[PDB]
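One chain follows as structure tokens, the form deposited without ligand GSH.
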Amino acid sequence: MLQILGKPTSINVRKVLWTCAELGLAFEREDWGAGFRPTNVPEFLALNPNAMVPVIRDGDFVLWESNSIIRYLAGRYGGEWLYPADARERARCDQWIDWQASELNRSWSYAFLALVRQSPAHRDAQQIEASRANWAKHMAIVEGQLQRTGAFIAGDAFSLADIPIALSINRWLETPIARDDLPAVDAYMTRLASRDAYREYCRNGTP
């Protein structure tokens, strides 16, 4: 069976859980990172020398990095409908998946850490506001794309890209910051509420 290693509160772990649910895959989860399951221990480092979650074990195949994992599940377990094989259509998905991980995620760091984690390290209000402003700029791009599709982040149908992007929007909506009104974003998150796995793993009250 499929082993998912990582606390269910992590946004990267939730990318994997949501993807599994969408593909109808059975899995077992262990909450690494973790009340009393810290990742910096030998047995976990043997699986992922980064000591980060998520990590999956599919039989003897071990894989880390959340966006690589969701791509793998969709590619191996009947996921054409979710992650199409046509190079152009796949590229419209990849763009948002990859940008979510290299730019969006990065933009929110300080604000999120300060205002949701309440991390003692992040209490500087200048870096807090700076992160917020940068995050808002990235969210404007999202609003722009969704204004264009009027549907999903990559185009007219639900796709793998929506998983990292909706999880990201959820973080935005659940973080105690000032936010512009972004109406296409609102319609998108409303439209997604019909998906069972979105309700369970994304819009579930966890930032």
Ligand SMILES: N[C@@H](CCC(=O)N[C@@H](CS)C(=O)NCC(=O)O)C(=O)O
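Shifts are known only where both forms have a C-alpha. Here the rigid core means the biggest group of C-alpha atoms that line up within 1.5 Å when the two forms are laid on top of each other. We number the residues from 1 along the sequence you see.
S.K.: Is the mean CA B factor in the deposited entry higher across 67-75 or across 109-117?
M.R.: Comparing averages over the C-alpha atoms only gives 109-117.
S.K.: Which of the two stretches, 100-108 or 83-91, shows the higher mean Cα temperature factor in the record?
M.R.: Of 83-91 and 100-108, the stretch with the higher C-alpha B-factor average is 100-108.
S.K.: For the C-alpha B-factor as written in the entry, point me to the maximum among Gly150, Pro42, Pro54, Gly59.
M.R.: Comparing C-alpha B-factors across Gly150, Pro42, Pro54, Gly59, the maximum falls on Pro42.
S.K.: Identify, among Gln145, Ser168, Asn50, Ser159, the residue whose C-alpha carries the highest B-factor in the deposited PDB entry.
M.R.: If I rank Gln145, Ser168, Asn50, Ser159 by C-alpha B-factor, first place goes to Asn50.
S.K.: Which third, lowest, middle or highest, does the C-alpha temperature factor of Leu182 belong to within its own chain?
M.R.: As the PDB entry reports it, the C-alpha B-factor of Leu182 lands in the highest third of its chain.
S.K.: For the chain shown, is the CA B-factor of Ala26 in the lowest, middle or highest third of its modelled residues?
M.R.: Highest third of the chain for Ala26's C-alpha B-factor.
S.K.: Thinking about Cα B factors across the chain, which third does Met139 belong to?
M.R.: Middle third of the chain for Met139's C-alpha B-factor.
S.K.: Comparing against every modelled residue in the chain, figure out the third that the C-alpha B-factor of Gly35 lands in (lowest, middle or highest).
M.R.: Ranked within chain, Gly35 CA B lands in the highest tercile.
S.K.: According to the PDB entry, is the CA B factor of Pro176 in the bottom, middle or top third of its chain, that is, lowest, middle or highest?
M.R.: It falls in the top third of the chain.
Omitted from view is the form solved in complex with ligand GSH, to which the following refers.
S.K.: Identify the site as open or blocked, taking the pose of ligand GSH in the deposited complex and overlaying it via the site C-alphas; a blocked site has 3 or more ligand atoms within 2.4 Å of a backbone or C-beta atom of the shown form.
M.R.: Open, per the superposed partner pose.
S.K.: Is there a heavy atom of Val41 no more than 4.5 Å from a heavy atom of ligand GSH in the deposited complex?
M.R.: No, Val41 is distant from the partner.
S.K.: Can any non-hydrogen atom of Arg203 be found within 4.5 angstroms of ligand GSH in the deposited complex?
M.R.: So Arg203 does not count as contacting ligand GSH.
S.K.: Quick check on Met52: any heavy atom within 4.5 Å of ligand GSH in the deposited complex?
M.R.: Answer yes; at least one heavy atom of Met52 falls within 4.5 Å of ligand GSH in the deposited complex.
S.K.: At the 4.5 Å heavy atom threshold, is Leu25 in contact with ligand GSH in the deposited complex?
M.R.: Heavy-atom contact with ligand GSH at 4.5 Å: absent for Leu25.
S.K.: Quick one: from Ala34, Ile141, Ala157, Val62, grab the residue that has a heavy atom within 4.5 Å of ligand GSH in the deposited complex.
M.R.: In short, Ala34.
S.K.: Just one stretch in 142-150, 160-168, 176-184, 65-73 has heavy atoms within 4.5 Å of ligand GSH in the deposited complex, so which one is it?
M.R.: Within 4.5 Å of the partner lies stretch 65-73.
S.K.: Fit the core first: which of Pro176, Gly35, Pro42, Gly59 then shifts its CA by 2 Å or more between this form and the one not shown?
M.R.: Residue with a C-alpha shift of 2 Å or more: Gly35.
S.K.: Closer or farther apart in the deposited complex, the C-alpha atoms of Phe27 and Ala34, for a change of 3 Å or more?
M.R.: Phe27 and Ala34 sit farther apart in the deposited complex.
S.K.: Where exactly does the backbone move between this form and the one not shown? Looking for runs of 3+ consecutive residues, each with a CA shift of 2 angstroms or more after core alignment.
M.R.: Run found: 34-36, no others.
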